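Comments concern the structure below.
In the authors' numbering, the protein residues as written are 433 to 460.
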């Protein structure tokens, strides 16, 4: 488990990063 791919009710799969505390919306 490296990146959190979770679906927010907005209909978006947001990649939230709690490892370094960063919000990523574009997959590296």
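Note that CB positions come from ideal geometry on N, CA and C, so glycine has one too.
Contact set for residue 457: own chain, Cβ-Cβ below 7 angstroms, skip 5 residues either direction: 446, 447
Element boundaries [beta strand (DSSP E), containing residue 459]: Note, residue 459: premise wrong, no beta strand (DSSP E); not H, not E.
Cβ pair residue 436, residue 449 closer than 8 angstroms: yes
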